[PDB]
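Colleague: Please read through the structure below; I'll follow up with questions.
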Amino acid sequence: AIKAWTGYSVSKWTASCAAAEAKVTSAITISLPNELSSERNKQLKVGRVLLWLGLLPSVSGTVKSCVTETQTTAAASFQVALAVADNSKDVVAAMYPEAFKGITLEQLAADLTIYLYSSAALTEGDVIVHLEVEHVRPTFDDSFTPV
Amino acid sequence: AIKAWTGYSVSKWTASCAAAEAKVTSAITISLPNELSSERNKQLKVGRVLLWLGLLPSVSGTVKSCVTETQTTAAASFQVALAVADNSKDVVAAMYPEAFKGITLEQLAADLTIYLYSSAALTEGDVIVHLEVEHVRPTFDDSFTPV
Amino acid sequence: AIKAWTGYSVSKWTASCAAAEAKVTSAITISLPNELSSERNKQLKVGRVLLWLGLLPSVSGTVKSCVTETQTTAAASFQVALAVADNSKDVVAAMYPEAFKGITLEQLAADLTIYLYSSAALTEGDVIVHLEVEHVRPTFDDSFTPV
Amino acid sequence: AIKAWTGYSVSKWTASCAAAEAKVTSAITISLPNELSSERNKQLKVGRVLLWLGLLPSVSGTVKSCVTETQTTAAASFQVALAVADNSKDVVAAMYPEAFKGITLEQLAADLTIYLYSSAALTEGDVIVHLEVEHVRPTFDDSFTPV
Amino acid sequence: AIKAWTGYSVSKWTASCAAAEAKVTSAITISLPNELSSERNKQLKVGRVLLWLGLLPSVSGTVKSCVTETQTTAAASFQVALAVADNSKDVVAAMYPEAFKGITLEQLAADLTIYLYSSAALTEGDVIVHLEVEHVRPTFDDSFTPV
Amino acid sequence: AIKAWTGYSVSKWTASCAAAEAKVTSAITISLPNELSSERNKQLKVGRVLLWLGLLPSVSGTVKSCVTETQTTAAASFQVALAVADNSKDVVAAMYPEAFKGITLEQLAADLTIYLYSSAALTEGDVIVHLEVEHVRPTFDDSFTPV
Amino acid sequence: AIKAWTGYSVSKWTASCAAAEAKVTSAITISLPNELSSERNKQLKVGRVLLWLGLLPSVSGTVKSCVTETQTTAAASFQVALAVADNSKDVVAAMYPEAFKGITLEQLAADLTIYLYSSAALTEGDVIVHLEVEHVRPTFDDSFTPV
Numbered sequence: 043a044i045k046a047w048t049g050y051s052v053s054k055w056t057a058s059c060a061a062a063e064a065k066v067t068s069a070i071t072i073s074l075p076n077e078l079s080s081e082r083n084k085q086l087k088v089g090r091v092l093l094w095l096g097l098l099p100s101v102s103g104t105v106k107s108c109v110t111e112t113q114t115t116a117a118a119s120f121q122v123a124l125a126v127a128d129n130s131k132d133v134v135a136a137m138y139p140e141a142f143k144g145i146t147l148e149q150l151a152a153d154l155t156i157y158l159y160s161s162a163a164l165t166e167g168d169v170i171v172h173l174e175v176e177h178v179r180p181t182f183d184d185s186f187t188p189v
Numbered sequence: 043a044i045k046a047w048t049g050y051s052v053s054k055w056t057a058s059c060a061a062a063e064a065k066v067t068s069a070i071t072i073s074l075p076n077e078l079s080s081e082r083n084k085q086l087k088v089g090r091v092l093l094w095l096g097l098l099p100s101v102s103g104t105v106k107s108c109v110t111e112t113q114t115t116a117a118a119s120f121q122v123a124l125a126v127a128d129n130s131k132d133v134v135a136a137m138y139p140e141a142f143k144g145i146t147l148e149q150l151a152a153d154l155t156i157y158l159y160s161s162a163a164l165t166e167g168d169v170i171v172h173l174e175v176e177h178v179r180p181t182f183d184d185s186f187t188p189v
Numbered sequence: 043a044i045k046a047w048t049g050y051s052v053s054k055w056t057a058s059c060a061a062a063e064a065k066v067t068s069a070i071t072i073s074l075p076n077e078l079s080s081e082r083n084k085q086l087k088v089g090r091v092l093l094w095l096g097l098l099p100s101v102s103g104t105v106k107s108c109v110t111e112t113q114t115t116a117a118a119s120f121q122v123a124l125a126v127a128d129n130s131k132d133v134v135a136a137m138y139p140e141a142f143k144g145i146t147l148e149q150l151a152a153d154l155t156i157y158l159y160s161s162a163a164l165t166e167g168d169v170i171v172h173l174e175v176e177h178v179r180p181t182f183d184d185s186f187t188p189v
Numbered sequence: 043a044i045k046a047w048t049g050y051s052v053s054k055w056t057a058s059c060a061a062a063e064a065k066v067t068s069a070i071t072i073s074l075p076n077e078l079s080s081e082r083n084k085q086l087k088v089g090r091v092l093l094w095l096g097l098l099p100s101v102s103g104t105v106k107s108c109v110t111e112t113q114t115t116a117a118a119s120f121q122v123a124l125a126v127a128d129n130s131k132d133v134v135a136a137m138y139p140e141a142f143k144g145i146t147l148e149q150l151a152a153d154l155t156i157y158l159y160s161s162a163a164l165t166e167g168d169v170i171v172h173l174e175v176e177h178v179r180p181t182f183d184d185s186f187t188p189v
Numbered sequence: 043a044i045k046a047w048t049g050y051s052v053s054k055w056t057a058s059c060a061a062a063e064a065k066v067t068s069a070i071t072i073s074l075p076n077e078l079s080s081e082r083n084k085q086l087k088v089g090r091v092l093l094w095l096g097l098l099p100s101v102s103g104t105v106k107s108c109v110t111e112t113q114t115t116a117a118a119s120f121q122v123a124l125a126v127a128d129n130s131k132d133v134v135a136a137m138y139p140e141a142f143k144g145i146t147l148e149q150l151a152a153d154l155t156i157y158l159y160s161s162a163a164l165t166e167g168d169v170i171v172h173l174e175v176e177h178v179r180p181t182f183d184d185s186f187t188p189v
Numbered sequence: 043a044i045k046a047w048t049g050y051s052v053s054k055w056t057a058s059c060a061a062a063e064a065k066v067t068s069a070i071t072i073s074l075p076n077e078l079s080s081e082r083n084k085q086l087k088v089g090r091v092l093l094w095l096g097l098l099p100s101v102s103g104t105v106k107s108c109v110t111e112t113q114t115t116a117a118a119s120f121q122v123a124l125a126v127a128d129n130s131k132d133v134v135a136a137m138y139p140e141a142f143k144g145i146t147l148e149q150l151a152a153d154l155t156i157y158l159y160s161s162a163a164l165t166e167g168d169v170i171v172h173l174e175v176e177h178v179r180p181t182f183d184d185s186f187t188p189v
Numbered sequence: 043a044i045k046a047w048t049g050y051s052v053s054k055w056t057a058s059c060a061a062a063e064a065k066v067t068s069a070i071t072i073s074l075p076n077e078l079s080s081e082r083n084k085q086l087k088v089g090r091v092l093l094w095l096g097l098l099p100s101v102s103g104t105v106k107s108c109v110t111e112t113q114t115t116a117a118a119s120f121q122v123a124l125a126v127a128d129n130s131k132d133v134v135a136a137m138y139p140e141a142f143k144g145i146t147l148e149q150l151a152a153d154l155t156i157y158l159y160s161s162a163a164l165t166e167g168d169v170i171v172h173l174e175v176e177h178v179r180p181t182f183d184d185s186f187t188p189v
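Here it is, written out as structure tokens:
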């Protein structure tokens with residue numbers, strides 16, 4: 043498997059798709075994990091992003107998803123996507139990686155967002171949208187307070 | 043300033059005292075900070091503990107506090123304390139240190155607890171009970187999943 | 043990412059195709075931006091051209107596009123094209139690292155044109171066509187309006 | 043004719059005023075051209091500014107214009123102006139240049155505004171207002187993406 | 043534009059004037075700007091004074107102003123003034139400069155005053171009188187107190 | 043005595059606390075000195091802050107003061123303060139200095155405030171809180187306007 | 043892109059196939075381009091041959107072509123061909139190159155021929171067979187005649 047750079051680090055989380063009618067593009071918002079939620083960590087720099095997708099077997103249609111800046115109408119977002127994850131492939135992935143170097147981890151919570159499309163309708167949680175983020179290593183204080 | 047050992051790391055948090063009548067002991071319960079709350083980190087090992095105290099200047103009487111195993115009547119807890127933090131001293135804190143080597147960080151949330159006493163009444167937040175914990179360095183996954 | 047040569051530069055502009063019935067081929071016409079439309083900058087020489095295509099996900103069929111000298115019957119244009127961009131590929135692009143070397147930027151406005159084909163119908167905004175063009179860095183007036 | 047400093051550059055743009063009744067002052071608003079309205083170039087620093095005026099000969103009386111920070115009542119603006127252009131002169135110009143050194147080109151788009159006054163009525167297009175601006179040489183995109 | 047001497051410095055401020063009937067001479071009282079109002083700065087010495095004038099364009103008469111020692115009845119002061127600024131001239135200005143070398147900035151607040159005349163009536167804010175003063179540079183404490 | 047950095051400068055001012063009953067904490071608001079009140083200077087940046095104290099000799103209690111971000115109930119601020127000035131010490135001063143590097147002088151007027159405590163009652167002017175601030179040098183224009 | 047050897051040179055031309063019913067194999071005759079038709083040039087020697095293909099996009103079948111010695115019944119030639127160009131592949135080209143080293147350009151006009159096959163019917167100009175040839179450089183006389 044792929045390795046992060048020296049001085050970089052990995053974390054992973056999850057979100058579930060909202061129910062939606064066919065051909066509609068839905069939107070999903072990135073919320074940070076608790077391990078990074080403090081004001082010390084939000085100012086770290088992103089190094090790579092790796093969207094991923096997995097699905098329960100009764101979903102029959104095409105399914106596509108991507109990471110972009112937030113686009114003012116949801117469906118249009120794919121038109122600037124530097125790659126698209128796609129259940130028509132053998133492997134349903136979209137490793138960028140170069141898209142977001144030097145962006146603050148705050149900004150990856152602020153306005154980068156995840157979009158999802160299916161040619162058939164979805165019920166809640168029919169799709170699970172993993173995400174993986176590789177970023178500058180978090181640090182904890184090396185010493186107690188003074189007395 | 044005091045350094046943590048190699049492979050160990052600092053962290054800090056807070057709790058505030060409830061209102062209490064004079065010469066009554068009160069309990070305070072440790073709850074872990076968000077940075078440590080995950081199932082990966084709760085199983086780490088404690089290395090040192092450092093109770094500390096700070097107080098707003100109108101508080102007149104004695105104030106004493108300690109960290110112990112939970113004692114079935116609150117006032118009795120001091121009678122097993124390996125040291126006591128005490129506003130009679132010049133420096134109020136009470137470094138133990140090695141009362142708790144090899145205890146699980148979960149257990150430091152489970153049943154080690156903080157007790158506080160004053161010979162005069164307190165109103166809410168009149169005392170701020172800092173804490174520091176020095177513990178094995180948290181680790182994050184070095185690599186992405188397989189595709 | 044791919045760099046231009048020393049002293050060369052890049053610019054980008056956009057077009058959205060009109061509606062078309064299935065299997066029709068449609069033309070798209072270049073127009074120069076204002077900074078390049080000066081009589082000082084129009085005389086620059088093209089170094090590379092890069093066609094790039096993106097589409098909203100509901101376009102189900104094949105989509106193909108290419109750059110050619112303007113053909114009197116539009117559908118034939120692909121037959122002369124030195125390369126074709128095609129949504130059957132993994133990356134929907136076509137690079138021409140040779141075809142237009144040394145052509146004047148005016149001529150790239152005059153008689154090179156972009157062609158687009160789809161095996162299913164299209165409606166306005168269903169496809170976005172980029173172009174990227176590389177040339178020696180343009181220049182700006184060094185002085186105000188004189189005497 | 044006057045030249046920009048070493049490493050500085052020039053740009054020019056135009057506006058044509060709306061109709062106005064006699065002695066009423068009116069406002070003219072800057073908008074940046076696209077090549078400057080990049081997030082790379084918007085943050086460049088202004089070096090000199092020149093207001094220049096021209097008119098068709100049937101405009102009978104005095105015409106005056108000036109550049110100021112925006113004013114709450116438009117007619118007052120001349121009173122703050124570091125210089126005024128005035129068709130009573132032989133040459134209808136007003137080079138500042140000191141007024142705006144070090145202001146951001148975005149700010150020159152934001153809140154510097156141009157005012158115009160005539161001692162007789164005006165109809166659309168009876169007056170043309172130039173502006174010239176000097177700033178450090180703008181730059182263009184030049185590079186490849188990664189994989 | 044003209045620079046101040048080494049160790050001298052420029053400051054600038056505004057005064058309006060009240061309504062007046064035609065041919066009436068009026069007085070404007072100098073008050074120091076806030077940047078200089080403290081008892082440290084008042085004892086600095088003046089090097090040059092520049093009177094300057096502007097007006098909103100509907101003012102039709104002549105307008106004249108000057109700086110003088112304060113006079114028992116305002117109109118007479120023009121006969122004493124070393125120079126007059128005058129809207130009939132090419133430049134509506136009067137650099138003195140010799141009048142006030144070595145006068146204390148407090149004295150420039152005390153008994154030098156500004157006089158203003160117009161051949162037609164005026165209303166509040168029709169004429170705005172700038173003043174510009176060149177004077178020994180202000181200074182501040184280079185050192186903290188003793189502890 | 044300690045000196046400000048190159049390009050930085052010292053200024054000093056005053057505030058007098060109101061009357062208060064014993065053990066009451068009180069607040070003091072940082073109004074700027076007139077020498078810095080103009081819009082040109084408010085956007086300078088702070089380098090160090092130096093709280094100081096003095097009192098007329100009949101004040102019998104302890105007295106303590108500190109500089110903090112403004113707090114919901116005044117007494118709490120001593121628990122947040124990075125250092126405390128104190129009449130009981132050998133010298134009462136409490137040079138921070140790290141607390142406010144790079145903060146805007148406007149912000150030092152906005153939401154940093156002074157807190158004061160005494161273990162005995164006070165009357166108007168019994169305690170006088172000096173303050174001293176080290177900050178980027180104030181500057182004045184080098185030249186007159188155009189004529 | 044691939045280059046010809048020193049002393050060798052590139053030239054390129056065209057032929058358009060006639061209409062044919064499905065599964066019919068057809069032949070195409072290699073007429074020389076005018077630039078090489080003179081008796082001086084026909085005795086040059088071939089270095090490489092590069093068959094190429096393109097088609098207008100509505101052609102629905104498979105299409106295959108190859109270069110061989112002329113064969114008694116056209117379909118058989120695919121069984122003799124050293125390589126086959128093919129629309130079903132990732133890229134349709136079929137660079138030989140070994141097939142014809144040292145053959146005379148006259149012979150490449152005489153008895154080498156192009157064969158073309160489609161699994162569906164064709165109409166005139168649906169398929170366009172480019173060809174590219176790399177061969178000993180054409181030369182022109184260095185001097186006038188004697189007078």
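Residue numbers (full-length UniProt numbering), protein chains in the order written: chain D, 43 to 189; chain P, 43 to 189; chain G, 43 to 189; chain H, 43 to 189; chain B, 43 to 189; chain C, 43 to 189; chain E, 43 to 189. Heads up, the beta-carbon is just placed ideally off N, CA and C, and yes, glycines get one too.
Any beta-carbon of chain C closer than 7 Å to the one on residue 118(H)?
Modeller: Taking the first residue of the fourth sequence as 1, we reach residue 118(H) at position 76. So, not an interface residue.
Colleague: Just how far apart, CA to CA, sit residue 55(H) and residue 84(G)?
Modeller: On the fourth sequence, position 13 is the one that residue 55(H) refers to. On the third sequence, position 42 is the one that residue 84(G) refers to. Distance between the alpha carbons of residue 55(H) and residue 84(G) is about 19 Å.
Colleague: Less than 6 Å between C-beta atoms, sequence neighbours within five positions excluded: which residues of the same chain meet that for residue 176(B)?
Modeller: Here the question's residue 176(B) lines up with position 134 in the fifth sequence. Hits under 6 Å: 46, 50, 52, 89 and 90.
Colleague: Please list, in chain order, all residues of the same chain as residue 138(G) whose beta carbon is under 8 Å from its beta carbon, the five residues on each side excluded.
Modeller: The residue you call residue 138(G) lines up with position 96 of the third sequence. Excluding sequence neighbours, residue 138(G) sits near 90, 91, 92, 93, 109, 124 and 125.
Colleague: Below 8 Å, how does it come out for the region 55 to 69 of chain E and the region 167 to 181 of chain E: are there three or more Cβ pairs, yes or no?
Modeller: Segments in contact, yes.
Colleague: Which same chain residues end up closer than 7 Å to residue 119(E) when comparing Cβ atoms and leaving out the 5 residues on each side of it in sequence?
Modeller: Within the seventh sequence, residue 119(E) is the residue found at index 77, counting from 1. Taken in chain order, the residues that qualify are 108, 110, 113 and 157.
Colleague: Out of 43(C), 150(C) and 144(C), point me to the one whose CA is closest to residue 78(C)'s CA.
Modeller: As a first step, residue 78(C) is located in the sixth sequence; it is residue number 36 there, counting from the start. Of the listed residues, the one whose Cα sits closest to residue 78(C) is 150(C).
Colleague: Classify residue 104(C) as buried or exposed, calling it buried when 16 or more other Cβ atoms lie within 10 Å of its own Cβ.
Modeller: The residue you call residue 104(C) lines up with position 62 of the sixth sequence. By the 10 Å Cβ count, residue 104(C) comes out exposed.
Colleague: Counting along the chain, where does the alpha helix (DSSP H) carrying residue 107(D) start and finish?
Modeller: Taking the first sequence and counting its residues from 1, the one referred to as residue 107(D) is at position 65. Segment 105 to 111 is the beta strand (DSSP E) holding residue 107(D); no alpha helix (DSSP H) there.
Colleague: Are there 16 or more other CB atoms within 10 angstroms of the CB of residue 133(G), so buried, or fewer, so exposed?
Modeller: Counted from its first residue, the third sequence places residue 133(G) at position 91. With fewer than 16 other Cβ atoms within 10 Å, it is exposed.
Colleague: In the DSSP assignment, the alpha helix (DSSP H) including residue 119(H) goes from what residue to what residue?
Modeller: Within the fourth sequence, numbered from 1, the residue matching residue 119(H) stands at position 77. Residue 119(H) -> alpha helix (DSSP H) spans 119 to 122.
Colleague: Could you please give the first and the last residue of the uninterrupted alpha helix (DSSP H) stretch that includes residue 151(D)?
Modeller: Numbered from its first residue, the first sequence carries residue 151(D) at position 109. Element bounds for residue 151(D): 147 to 152.
Colleague: Applying a beta-carbon distance threshold of less than 7 Å, which residues of chain H neighbour residue 140(G)?
Modeller: Within the third sequence, residue 140(G) is the residue found at index 98, counting from 1. Simply none; closest approach about 17 Å.
Colleague: State the DSSP-derived secondary structure class of residue 163(C), mapped to helix, strand or coil.
Modeller: The residue you call residue 163(C) lines up with position 121 of the sixth sequence. Coil.
Colleague: Strictly by DSSP, which residues pair up with residue 51(C)?
Modeller: Mapped onto the sixth sequence, residue 51(C) falls at position 9. In DSSP, residue 51(C) forms a bridge with 177(C).
Colleague: At what residues does the beta strand (DSSP E) containing residue 69(G) begin and finish?
Modeller: Sequence index remark: in the third sequence, residue 69(G) carries index 27 (1-based). Element bounds for residue 69(G): 67 to 70.
Colleague: Of all the residues that make up the region 54 to 68 of chain C, which are near chain P by a beta-carbon distance shorter than 7 Å?
Modeller: Listed by position, the residues of the region 54 to 68 of chain C near chain P (Cβ gap below 7 Å) are 65.
Colleague: Do you know whose CA, among 148(P), 154(P), 96(P) and 141(P), lies nearest residue 82(P)'s CA?
Modeller: For the purposes of this step, residue 82(P) is identified with residue 40 of the second sequence, where counting begins at 1. When only C-alpha atoms are compared, the closest one is 148(P).
Colleague: One question on the structure: do residue 67(E) and residue 159(E) come within less than 7 Å of each other, judged by their Cβ atoms?
Modeller: As a first step, residue 67(E) must be located in the seventh sequence, where it is residue number 25. As a first step, residue 159(E) must be located in the seventh sequence, where it is residue number 117. Yes, Cβ-Cβ distance for residue 67(E) and residue 159(E) is below 7 Å.
Colleague: Measuring CB to CB, does residue 135(G) end up less than 7 Å from residue 127(G)?
Modeller: Here residue 135(G) corresponds to residue number 93 of the third sequence, with the count starting at 1. Here residue 127(G) corresponds to residue number 85 of the third sequence, with the count starting at 1. Against a cut-off of 7 Å, the Cβ pair of residue 127(G) and residue 135(G) comes out as a contact.
Colleague: Which residues, in order along the region 136 to 168 of chain B, keep a beta-carbon less than 8 Å from a beta-carbon of chain H?
Modeller: Of all residues in the region 136 to 168 of chain B, 167 have a Cβ within less than 8 Å of some Cβ in chain H.
Colleague: Taking the continuous beta strand (DSSP E) assigned at residue 137(G), which residues delimit it?
Modeller: Mapped onto the third sequence, residue 137(G) falls at position 95. First-last of the beta strand (DSSP E) with residue 137(G): 135 to 138.
Colleague: Measure the C-alpha to C-alpha separation of residue 164(C) and residue 130(C) and round it to an integer number of angstroms.
Modeller: Within the sixth sequence, the letter at position 122 stands for residue 164(C). Within the sixth sequence, the letter at position 88 stands for residue 130(C). Residue 164(C) and residue 130(C): Cα-Cα distance of roughly 17 Å.
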